[PDB]
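Visitor: Mind looking over this structure? Questions follow.
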Amino acid sequence: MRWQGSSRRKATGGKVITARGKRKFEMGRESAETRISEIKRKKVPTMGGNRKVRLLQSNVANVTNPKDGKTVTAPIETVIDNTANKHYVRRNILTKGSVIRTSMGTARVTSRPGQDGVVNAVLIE
Amino acid sequence: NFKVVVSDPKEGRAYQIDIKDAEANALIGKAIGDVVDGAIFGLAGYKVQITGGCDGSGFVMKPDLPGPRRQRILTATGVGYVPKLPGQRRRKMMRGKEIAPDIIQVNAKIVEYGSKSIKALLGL
Amino acid sequence: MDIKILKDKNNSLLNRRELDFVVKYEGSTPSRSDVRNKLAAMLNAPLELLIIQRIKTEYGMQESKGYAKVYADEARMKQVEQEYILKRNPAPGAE
Amino acid sequence: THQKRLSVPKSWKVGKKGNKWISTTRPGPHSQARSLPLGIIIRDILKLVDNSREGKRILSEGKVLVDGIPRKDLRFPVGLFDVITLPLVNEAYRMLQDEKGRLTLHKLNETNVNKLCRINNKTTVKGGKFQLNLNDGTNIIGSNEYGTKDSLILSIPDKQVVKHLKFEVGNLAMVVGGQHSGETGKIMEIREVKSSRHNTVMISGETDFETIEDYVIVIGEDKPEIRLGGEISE
Amino acid sequence: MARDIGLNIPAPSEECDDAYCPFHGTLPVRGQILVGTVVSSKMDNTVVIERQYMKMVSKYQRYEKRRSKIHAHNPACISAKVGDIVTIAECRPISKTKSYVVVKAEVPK
RNA sequence: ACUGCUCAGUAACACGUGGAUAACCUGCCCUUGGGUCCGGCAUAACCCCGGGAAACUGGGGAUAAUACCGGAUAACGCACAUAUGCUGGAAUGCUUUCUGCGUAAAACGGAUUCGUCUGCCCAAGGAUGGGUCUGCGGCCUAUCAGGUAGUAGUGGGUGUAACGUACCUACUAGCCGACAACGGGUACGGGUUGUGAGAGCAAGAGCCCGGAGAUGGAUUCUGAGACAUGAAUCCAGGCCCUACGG
Ligand SMILES: [Mg+2]
Ligand SMILES: [Mg+2]
Ligand SMILES: [Zn+2]
């Protein structure tokens with residue numbers, strides 16, 4: 001659980017005095033980070049019967065060659081780097097926009113594993 | 001002083017027994033799922049598996065919970081809880097599978113049968 | 001007591017006749033059974049079949065509004081008309 | 001899902017008498033703004049049943065049909081140009097918007113008559129289908145001849161196409177809002193004025209003016225193809 | 001995106017690889033179009049813009065000019081200057097206070 | 001989770017009003033396009049024995065469904081090529097799509113006059129409900145002058161129904177204010193009401209619209225939807241039934 005309601009001052013620093021409680025629709029879940037392990041997923045429910053698939057661990061990827069446009073599933077070994085956080089590279093976290101290392105070759109994750117339910121990585125040219 | 005309830009699966013017949021003394025002390029410590037010799041019941045080779053219990057104040061034992069004492073449980077379903085509303089959680093008082101001197105009733109079932117009849121081996 | 005009838009629309013969706021008339025009574029406002037007995041002869045409707053919903057008398061002048069109705073079946077009346085109307089309308093031999 | 005006596009919609013001609021709620025219309029296919037309950041229609045306009053229970057009885061017994069569909073619910077919405085058919089008297093009525101934006105009923109002559117609809121968004125269902133954002137009846141998932149706002153006409157109750165009433169310059173047009181509601185007249189110029197809100201249209205019937213493209217109905221080639229105006233019975 | 005039609009406010013002579021750039025990016029600009037001047041452009045991709053108008057007071061029957069500040073998105077291809085008249089149109093929320101992106105920044109004359 | 005009540009909090013996109021959502025969810029309802037495929041077999045009341053001051057509630061025996069589980073034909077996300085389909089400044093969407101890579105549903109249920117009626121799944125859209133969004137409109141105060149560091153913004157992310165510092169990271173050094181920020185005072189907002197010849201001035205208890213609240217407070221289950229007025233959980237606070245174990 002996290003609160004994603006509109007609570008960060010107004011424009012100036014005058015502390016916004018809340019007139020409403022923490023509503024149910026403003027409650028966001030936890031960042032279920034993904035690592036390189038046994039491929040584990042959970043069918044967490046969301047609004048309107050939309051069970052969003054959340055991934056937690058994975059050592060395989062759907063590496064997509066751009067030269068020929070062929071999709072083959074190759075194992076994930078290590079995150080090469082990541083622009084979003086300099087610590088996920090050390091933690092082997094698999095976020096979107098990171099760069100993983102597969103058997104096919106180095107690839108960049110182009111899918112959000114916490115929302116997509118799979119690790120779809122485009123093979124870097 | 002245990003007020004044991006024993007049921008027969010072959011006829012769906014439950015015999016209520018009032019037991020005391022050394023046999024009651026033998027029943028103490030026997031967790032849920034234990035098998036007990038019929039000499040504690042006097043039955044000719046009838047072995048009973050204990051599958052329940054409750055306190056003097058009506059608190060029901062739980063086979064799930066390990067430990068003899070009481071615990072507070074915020075459950076949403078299971079043994080000894082009925083949801084008044086659909087998917088409602090409550091904090092009841094349950095017991096472990098361990099048998100205690102503050103336990104009255106011991107529900108159990110007949111498993112390993114004996115030579116004689118079940119009824120006639122208790123004077124009936 | 002006198003009666004003149006103006007509107008006799010028949011509802012095709014229920015097979016009943018809507019009786020609208022002006023009650024030219026004198027003095028004492030007639031009861032529902034009496035107005036039914038008078039309104040029966042105007043359109044050939046039995047007491048069990050002819051039904052009246054109000055004989056509402058206005059101020060001053062002795063004129064009343066009569067919203068009576070006619071059915072081709074008493075079971076249809078019991079299925080459609082409310083129970084207070086069935087009690088309020090005395091059947092032949094009713095108590 | 002309630003609505004009160006005071007906050008009854010502007011398109012609802014029925015007054016502000018009674019006690020709070022007046023017959024909450026369902027979600028339905030049509031907009032709730034231009035909608036009246038079938039129970040309110042049969043209890044106020046036509047006057048075939050006076051109570052709500054008797055209205056629910058007559059609806060439930062398959063006695064009233066809305067484009068050949070005998071709806072048993074008294075909360076069904078009704079949109080503009082909707083036909084109500086009663087076979088027992090041959091009473092045909094059409095939902096119409098008068099000059100004040102309110103919804104009324106005009107009686108028709110024949111029981112069997114078409115119904116007019118409109119195109120609002122042509123999307124593509126997977127399977128090579130040009131979905132027209134239909135909401136009522138059956139239709140034809142057609143081709144690019146069927147454009148937006150084309151105002152299709154379809155039969156009843158089978159709801160097959162009768163004639164593609166495509167609009168052009170000079171063709172007929174009926175207003176569906178504003179202060180010009182019900183002033184049907186020929187189209188003068190349908191200008192595709194680019195802007196962030198929506199485009200515009202030029203229409204002149206008895207008197208010329210400018211009107212919005214969401215307040216125009218392509219109701220005929222030169223003359224009324226559908227039975228637009230019959231008898232305005234309350 | 002970069003599309004030329006009547007009253008287009010056409011895409012500039014400079015290409016921008018911005019994600020929120022209306023002509024070259026993928027941000028659909030839509031809403032209410034407005035006009036203003038850059039109060040200051042000391043902030044990345046965001047020019048504070050002032051709207052100046054007047055509200056006639058009913059009782060006194062006179063006027064009072066009212067200032068107002070708006071934060072707009074300043075794409076690099078446009079690059080709205082300092083104190084220049086510019087037309088802004090609404091977009092989806094870019095940031096904490098950014099729902100407008102500038103589309104035409106004309107240096108004043 | 002609709003009504004119903006209250007009017008504490010709230011000086012606020014809370015509200016009135018004009019737009020937007022091409023940034024989103026929607027059970028019931030709506031029309032068209034499809035489908036409705038194999039199974040598995042618990043556990044209820046009931047039977048036999050109770051425990052319990054109560055609140056509650058145990059065991060063994062029998063069993064059913066539109067209950068629940070397992071299996072086949074989609075959606076979801078990556079990468080592609082393919083023709084205006086809407087809207088149109090405007091794709092970013094639908095997409096003809098197909099490609100391969102991970103990746104799914106239903107109750108051939110019920111009734112009948114066997115005419116049919118009503119239900120399950122599914123795709124597209126609508127409608128309904130609600131979140132979000134911003135131009136503008138409306139208090140007293142200087143015996144209230146600086147306020148703000150997640151504060152202002154950029155890139156990459158994260159979570160979300162969805163856009164978003166909503167959270168996180170690297171970075172920039174901004175942002176609001178003397179045309180009143182920040183603080184204090186006060187207040188449910190508006191439609192309106194009082195009064196006067198009017199300009200105005202004063203209040204916005206009741207009828208309708210939206211907002212919030214459930215002893216004060218935090219947290220959570222269930223559900224299409226709630227942090228639920230007749231849901232829970234604990235703390236504070238008061239009270240209450242007890243066979244004193246609750
Ligand atoms: Mg949920
Ligand atoms: Mg924001
Ligand atoms: Zn650009």
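Going by the structure tokens order, chains are called A, B, ..., each with residues numbered from 1, while ligands are numbered from 1 in the order shown.
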Enumerate residues in contact with ligand 3: an atom-to-atom distance of at most 8 Å, counting only C-alpha atoms (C1' of nucleotides) and all ligand atoms. Format the result as JSON, numbers by chain.

Guide: {"E": [2, 11, 12, 14, 15, 16, 17, 18, 21, 22, 23, 24, 25, 75, 76, 77, 78]}

Visitor: Using only N, CA and C atoms, please write the residues we just selected to a file, as an mmCIF file, in the first residue's frame.

Guide:
```cif
data_model
loop_
_atom_site.group_PDB
_atom_site.id
_atom_site.type_symbol
_atom_site.label_atom_id
_atom_site.label_comp_id
_atom_site.auth_asym_id
_atom_site.auth_seq_id
_atom_site.Cartn_x
_atom_site.Cartn_y
_atom_site.Cartn_z
ATOM 1 N N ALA E 2 2.766 16.417 -36.111
ATOM 2 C CA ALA E 2 3.176 17.450 -37.051
ATOM 3 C C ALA E 2 2.312 17.359 -38.299
ATOM 4 N N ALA E 11 4.303 23.066 -37.679
ATOM 5 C CA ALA E 11 5.511 22.639 -36.997
ATOM 6 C C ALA E 11 6.709 23.474 -37.445
ATOM 7 N N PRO E 12 7.625 23.782 -36.526
ATOM 8 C CA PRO E 12 8.699 24.734 -36.834
ATOM 9 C C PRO E 12 9.719 24.198 -37.824
ATOM 10 N N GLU E 14 12.714 23.494 -36.970
ATOM 11 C CA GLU E 14 13.669 22.726 -36.187
ATOM 12 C C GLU E 14 12.998 21.477 -35.635
ATOM 13 N N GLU E 15 13.648 20.333 -35.828
ATOM 14 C CA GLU E 15 13.152 19.061 -35.324
ATOM 15 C C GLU E 15 13.493 18.904 -33.848
ATOM 16 N N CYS E 16 12.546 18.371 -33.079
ATOM 17 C CA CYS E 16 12.749 18.125 -31.659
ATOM 18 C C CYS E 16 12.432 16.674 -31.332
ATOM 19 N N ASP E 17 13.332 16.036 -30.583
ATOM 20 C CA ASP E 17 13.152 14.662 -30.129
ATOM 21 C C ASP E 17 12.511 14.592 -28.748
ATOM 22 N N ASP E 18 11.764 15.627 -28.369
ATOM 23 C CA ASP E 18 11.045 15.630 -27.104
ATOM 24 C C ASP E 18 9.904 14.623 -27.134
ATOM 25 N N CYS E 21 6.819 16.933 -26.958
ATOM 26 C CA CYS E 21 6.757 17.944 -28.006
ATOM 27 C C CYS E 21 5.528 17.703 -28.871
ATOM 28 N N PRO E 22 4.680 18.712 -29.075
ATOM 29 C CA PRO E 22 3.403 18.467 -29.760
ATOM 30 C C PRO E 22 3.548 18.139 -31.234
ATOM 31 N N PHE E 23 4.533 18.711 -31.918
ATOM 32 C CA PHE E 23 4.639 18.501 -33.356
ATOM 33 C C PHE E 23 5.381 17.211 -33.675
ATOM 34 N N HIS E 24 6.524 16.989 -33.026
ATOM 35 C CA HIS E 24 7.374 15.849 -33.337
ATOM 36 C C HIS E 24 7.260 14.713 -32.334
ATOM 37 N N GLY E 25 6.803 14.987 -31.116
ATOM 38 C CA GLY E 25 6.748 13.965 -30.093
ATOM 39 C C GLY E 25 5.547 13.058 -30.232
ATOM 40 N N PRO E 75 8.840 23.350 -25.317
ATOM 41 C CA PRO E 75 9.631 22.379 -26.077
ATOM 42 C C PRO E 75 10.851 23.026 -26.707
ATOM 43 N N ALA E 76 11.899 22.216 -26.876
ATOM 44 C CA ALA E 76 13.183 22.740 -27.326
ATOM 45 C C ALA E 76 13.124 23.257 -28.757
ATOM 46 N N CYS E 77 12.285 22.655 -29.602
ATOM 47 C CA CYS E 77 12.111 23.165 -30.958
ATOM 48 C C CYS E 77 11.489 24.555 -30.947
ATOM 49 N N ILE E 78 10.509 24.782 -30.072
ATOM 50 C CA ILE E 78 9.929 26.115 -29.944
ATOM 51 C C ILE E 78 10.895 27.039 -29.217
#
```

Visitor: Segment 53-55 of chain E: which residues within 8 Å, counting only C-alpha atoms (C1' of nucleotides), same-chain residues fewer than 3 positions away excluded, as a count of residues only?

Guide: 5

Visitor: So which residues are near ligand 1, meaning at most 8 Å away with only C-alpha atoms (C1' of nucleotides) and all ligand atoms counted, given back as a count of residues only?

Guide: 6

Visitor: If you count only C-alpha atoms (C1' of nucleotides) and all ligand atoms, which residues end up within 7 Å of ligand 2, as an MDAnalysis selection string?

Guide: (chainID A and resid 6) or (chainID E and resid 93 95:97) or (chainID F and resid 164)

Visitor: Which neighbours of residue 80 of chain A fall inside 12 Å, counting only C-alpha atoms (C1' of nucleotides), when residues of the same chain fewer than 4 positions from it are skipped, and could you give them as a PyMOL selection string?

Guide: chain A and resi 76+86-95+97-102+105-109+124

Visitor: For the selection just defined, write its residues with N, CA, C and O atoms to a file, as a short mmCIF file (atom, residue, chain, number, x, y, z; two decimals), in the first residue's frame.

Guide:
```cif
data_model
loop_
_atom_site.label_atom_id
_atom_site.label_comp_id
_atom_site.auth_asym_id
_atom_site.auth_seq_id
_atom_site.Cartn_x
_atom_site.Cartn_y
_atom_site.Cartn_z
N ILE A 76 18.05 -14.94 -18.83
CA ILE A 76 18.64 -13.72 -18.28
C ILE A 76 19.73 -14.12 -17.30
O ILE A 76 19.53 -15.02 -16.47
N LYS A 86 20.87 3.66 -10.05
CA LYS A 86 22.22 3.11 -10.09
C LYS A 86 22.41 1.95 -9.13
O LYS A 86 23.48 1.33 -9.13
N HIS A 87 21.41 1.64 -8.31
CA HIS A 87 21.49 0.55 -7.35
C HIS A 87 20.86 -0.73 -7.85
O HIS A 87 21.25 -1.82 -7.40
N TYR A 88 19.89 -0.65 -8.77
CA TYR A 88 19.27 -1.85 -9.32
C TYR A 88 20.27 -2.67 -10.13
O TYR A 88 20.10 -3.89 -10.26
N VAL A 89 21.29 -2.02 -10.70
CA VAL A 89 22.37 -2.74 -11.36
C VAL A 89 23.12 -3.61 -10.37
O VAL A 89 23.47 -4.75 -10.66
N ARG A 90 23.39 -3.07 -9.18
CA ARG A 90 24.03 -3.86 -8.14
C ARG A 90 23.08 -4.90 -7.56
O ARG A 90 23.52 -6.00 -7.20
N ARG A 91 21.79 -4.58 -7.47
CA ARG A 91 20.79 -5.48 -6.91
C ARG A 91 20.28 -6.50 -7.91
O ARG A 91 19.54 -7.41 -7.51
N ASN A 92 20.64 -6.38 -9.19
CA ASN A 92 20.11 -7.23 -10.26
C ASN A 92 18.59 -7.10 -10.38
O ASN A 92 17.88 -8.08 -10.62
N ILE A 93 18.09 -5.88 -10.21
CA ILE A 93 16.67 -5.61 -10.42
C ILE A 93 16.43 -5.42 -11.91
O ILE A 93 17.27 -4.89 -12.64
N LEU A 94 15.26 -5.86 -12.37
CA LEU A 94 14.91 -5.84 -13.78
C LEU A 94 13.76 -4.85 -13.98
O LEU A 94 12.59 -5.22 -13.95
N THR A 95 14.11 -3.59 -14.20
CA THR A 95 13.15 -2.55 -14.50
C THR A 95 13.12 -2.28 -16.00
O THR A 95 14.03 -2.66 -16.74
N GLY A 97 13.62 -0.35 -19.34
CA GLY A 97 14.72 0.50 -19.74
C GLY A 97 16.07 0.08 -19.23
O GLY A 97 17.06 0.76 -19.52
N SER A 98 16.15 -1.02 -18.48
CA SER A 98 17.43 -1.57 -18.06
C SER A 98 18.08 -2.30 -19.23
O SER A 98 17.54 -2.36 -20.34
N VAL A 99 19.25 -2.88 -19.00
CA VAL A 99 19.93 -3.68 -20.00
C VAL A 99 20.31 -5.01 -19.35
O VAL A 99 21.10 -5.04 -18.41
N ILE A 100 19.75 -6.10 -19.86
CA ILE A 100 20.03 -7.41 -19.35
C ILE A 100 21.07 -8.08 -20.23
O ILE A 100 21.39 -7.61 -21.32
N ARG A 101 21.62 -9.19 -19.75
CA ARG A 101 22.53 -10.02 -20.52
C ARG A 101 21.88 -11.38 -20.69
O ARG A 101 21.54 -12.04 -19.70
N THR A 102 21.71 -11.81 -21.94
CA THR A 102 21.08 -13.08 -22.26
C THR A 102 22.10 -14.00 -22.92
O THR A 102 23.28 -13.67 -23.06
N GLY A 105 22.35 -12.44 -26.56
CA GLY A 105 23.20 -11.27 -26.56
C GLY A 105 22.69 -10.27 -25.54
O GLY A 105 21.71 -10.51 -24.84
N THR A 106 23.40 -9.15 -25.47
CA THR A 106 22.95 -8.06 -24.62
C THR A 106 21.65 -7.48 -25.16
O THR A 106 21.48 -7.27 -26.36
N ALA A 107 20.71 -7.22 -24.25
CA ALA A 107 19.40 -6.70 -24.62
C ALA A 107 18.96 -5.71 -23.56
O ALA A 107 19.47 -5.69 -22.44
N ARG A 108 18.00 -4.86 -23.94
CA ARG A 108 17.42 -3.89 -23.03
C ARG A 108 15.96 -4.25 -22.77
O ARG A 108 15.22 -4.59 -23.69
N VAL A 109 15.57 -4.19 -21.50
CA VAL A 109 14.19 -4.49 -21.14
C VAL A 109 13.30 -3.38 -21.67
O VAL A 109 13.51 -2.20 -21.38
N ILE A 124 19.70 -5.79 -28.24
CA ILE A 124 20.44 -4.63 -28.70
C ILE A 124 21.22 -5.00 -29.95
O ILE A 124 21.79 -6.10 -30.04
#
```

Visitor: For segment 73-78 of chain C, list every protein, DNA or RNA residue within 8 Å, evaluated using only C-alpha atoms (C1' of nucleotides), and leave out those in the same chain fewer than 4 positions away; present the list as a ChimeraX atom specification.

Guide: /C:48-49,82-83,86

Visitor: Considering only C-alpha atoms (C1' of nucleotides), can you say which of F:60, F:137, F:9, F:71 comes closest to residue 7 of chain B?

Guide: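 Closest residue, counting only C-alpha atoms (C1' of nucleotides): F:60.
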
Visitor: Compile the contact shell of residue 124 of chain D as a list in words: residues with an atom at most 9 Å away, counting only C-alpha atoms (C1' of nucleotides), same-chain residues fewer than 4 positions apart removed.

Guide: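 Final neighbour list, sorted by chain and number: residues 128, 129, 130, 131 and 132 of chain D; 85, 94, 95 and 124 of chain F.
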
Visitor: What's the separation between atom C1' of residue 181 of chain F and atom CA of residue 11 of chain A, in Å to one decimal place?

Guide: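 Going from atom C1' of residue 181 of chain F over to atom CA of residue 11 of chain A covers 10.2 Å.
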
Visitor: Need the shell around segment 90-95 of chain B: protein/DNA/RNA residues with any atom at most 8 Å away, counting only C-alpha atoms (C1' of nucleotides). Skip same-chain ones fewer than 2 positions apart. Format as a ChimeraX atom specification?

Guide: /B:54-55,59-62,65,67-76,80-81,88,97-98 /F:232-233

Visitor: Please, which residues of chain B, numbered as in this document, come out alpha helix (DSSP H) from DSSP, as number ranges by chain?

Guide: B: 21-27

Visitor: For the selection you just gave me, I'd like the residues written to a file as a compact mmCIF listing (two decimals), in the first residue's frame, keeping N, CA, C and O atoms.

Guide:
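Dumped everything to again_37.txt:
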```txt
# COMPACT_ATOMS: atom_id res chain seq x y z
N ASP B 21 -9.52 -39.28 36.18
CA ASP B 21 -8.42 -39.96 36.85
C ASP B 21 -7.22 -40.22 35.95
O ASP B 21 -6.77 -39.32 35.22
N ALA B 22 -6.68 -41.44 36.03
CA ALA B 22 -5.45 -41.77 35.31
C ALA B 22 -5.65 -41.75 33.81
O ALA B 22 -4.75 -41.35 33.06
N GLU B 23 -6.82 -42.18 33.34
CA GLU B 23 -7.11 -42.12 31.91
C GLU B 23 -7.20 -40.68 31.43
O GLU B 23 -6.72 -40.35 30.33
N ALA B 24 -7.80 -39.80 32.23
CA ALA B 24 -7.86 -38.38 31.88
C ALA B 24 -6.46 -37.77 31.87
O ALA B 24 -6.16 -36.92 31.03
N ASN B 25 -5.60 -38.17 32.81
CA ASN B 25 -4.22 -37.71 32.78
C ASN B 25 -3.48 -38.25 31.56
O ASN B 25 -2.59 -37.57 31.04
N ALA B 26 -3.82 -39.45 31.12
CA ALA B 26 -3.24 -39.99 29.89
C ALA B 26 -3.68 -39.19 28.67
O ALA B 26 -2.90 -38.98 27.74
N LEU B 27 -4.94 -38.75 28.66
CA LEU B 27 -5.43 -37.93 27.55
C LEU B 27 -4.75 -36.57 27.50
O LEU B 27 -4.68 -35.95 26.43
```

Visitor: Please report the interatomic distance between atom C1' of residue 163 of chain F and atom CA of residue 32 of chain E in Å with one decimal.

Guide: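 One can read the atom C1' of residue 163 of chain F to atom CA of residue 32 of chain E distance as 17.4 Å.
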
Visitor: What does the distance between atom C1' of residue 47 of chain F and atom CA of residue 5 of chain B come to in Å, to one decimal place?

Guide: 15.6 Å

Visitor: Taking 2 positions as the minimum chain separation for residues in the same chain, which residues sit within 8 Å of residue 47 of chain C when counting only C-alpha atoms (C1' of nucleotides)? Answer as a list in words.

Guide: residues 36, 37, 40, 45, 49, 50, 51, 91 and 92 of chain C

Visitor: Name the residues of segment 33-225 of chain D that fall into strand (DSSP E) according to DSSP on the backbone, using the chain letters and numbers of this document, as a VMD selection string.

Guide: chain D and resid 65 to 66 83 to 86 91 to 97 103 to 108 115 to 116 123 to 125 129 to 131 153 to 154 161 to 163 172 to 175 185 to 189 200 to 204 208 to 212 216 to 217

Visitor: Quick one: which chain D residues come within 8 Å of chain C, and what is the nearest atom pair for each with the distance in Å to one decimal, counting only C-alpha atoms, rows ordered by chain and ascending number, as a Markdown table?

Guide:
```
| residue | atom | partner | partner_atom | distance |
| --- | --- | --- | --- | --- |
| D:48 | CA | C:11 | CA | 6.3 |
| D:54 | CA | C:80 | CA | 6.9 |
| D:58 | CA | C:13 | CA | 6.7 |
| D:63 | CA | C:13 | CA | 6.3 |
| D:88 | CA | C:12 | CA | 6.1 |
| D:89 | CA | C:12 | CA | 7.1 |
```

Visitor: Find the residues of chain D that sit at most 7 Å from chain F; for each, write down the nearest two atoms and how far apart they are in Å, to one decimal. Count only C-alpha atoms (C1' of nucleotides). Sort by chain, then by number going up, and give it as a tab-separated table.

Guide:
```
residue	atom	partner	partner_atom	distance
D:1	CA	F:2	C1'	5.2
D:2	CA	F:2	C1'	6.7
D:6	CA	F:208	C1'	5.9
D:7	CA	F:208	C1'	6.5
D:26	CA	F:29	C1'	6.0
D:27	CA	F:128	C1'	4.5
D:28	CA	F:29	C1'	4.9
D:29	CA	F:30	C1'	4.2
D:30	CA	F:127	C1'	6.1
D:31	CA	F:127	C1'	6.0
D:121	CA	F:86	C1'	5.7
D:122	CA	F:86	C1'	5.3
D:123	CA	F:94	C1'	6.0
D:124	CA	F:94	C1'	5.8
D:125	CA	F:124	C1'	5.8
D:128	CA	F:96	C1'	6.6
D:133	CA	F:125	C1'	4.9
D:134	CA	F:31	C1'	6.0
D:135	CA	F:31	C1'	4.4
D:136	CA	F:31	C1'	4.2
D:137	CA	F:31	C1'	5.6
D:138	CA	F:32	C1'	6.3
```

Visitor: Counting only C-alpha atoms (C1' of nucleotides), give me one row per residue of chain F with an atom at most 12 Å from an atom of chain E, showing the shortest contact pair and its distance in Å to one decimal, sorted by chain then residue number, as CSV.

Guide:
```
residue,atom,partner,partner_atom,distance
F:18,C1',E:32,CA,9.5
F:19,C1',E:31,CA,6.2
F:20,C1',E:31,CA,5.2
F:21,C1',E:92,CA,8.2
F:22,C1',E:28,CA,5.9
F:23,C1',E:92,CA,6.7
F:88,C1',E:5,CA,9.9
F:89,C1',E:8,CA,4.5
F:90,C1',E:1,CA,5.4
F:91,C1',E:1,CA,7.3
F:92,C1',E:26,CA,5.5
F:93,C1',E:28,CA,11.3
F:132,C1',E:93,CA,10.0
F:133,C1',E:92,CA,7.6
F:134,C1',E:99,CA,7.9
F:135,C1',E:32,CA,7.7
F:136,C1',E:55,CA,10.7
F:137,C1',E:55,CA,10.4
F:150,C1',E:96,CA,10.8
F:151,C1',E:96,CA,11.2
F:152,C1',E:43,CA,8.0
F:153,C1',E:44,CA,5.7
F:154,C1',E:44,CA,5.7
F:155,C1',E:18,CA,10.6
F:162,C1',E:92,CA,11.6
F:163,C1',E:93,CA,5.4
F:164,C1',E:95,CA,5.9
F:165,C1',E:96,CA,7.1
F:166,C1',E:96,CA,9.5
F:171,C1',E:44,CA,11.1
F:172,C1',E:44,CA,7.7
F:173,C1',E:43,CA,8.2
F:174,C1',E:43,CA,6.6
F:175,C1',E:43,CA,9.6
F:176,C1',E:69,CA,10.1
F:179,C1',E:67,CA,7.0
F:199,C1',E:59,CA,7.2
F:200,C1',E:59,CA,7.5
F:201,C1',E:59,CA,11.5
```

Visitor: Distance limit 10 Å, atoms considered: only C-alpha atoms (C1' of nucleotides). Which chain F residues sit that close to chain A? Return them as JSON, numbers by chain.

Guide: {"F": [9, 10, 12, 14, 25, 26, 27, 76, 77, 78, 79, 80, 99, 100, 101, 102, 103, 130, 131, 147, 148, 149, 150, 151, 152, 155, 156, 157, 158, 159, 160, 161, 164, 165, 166, 167, 168, 169, 170, 175, 176, 177, 181, 182, 183, 211, 212, 213, 223, 224, 225, 226, 227]}
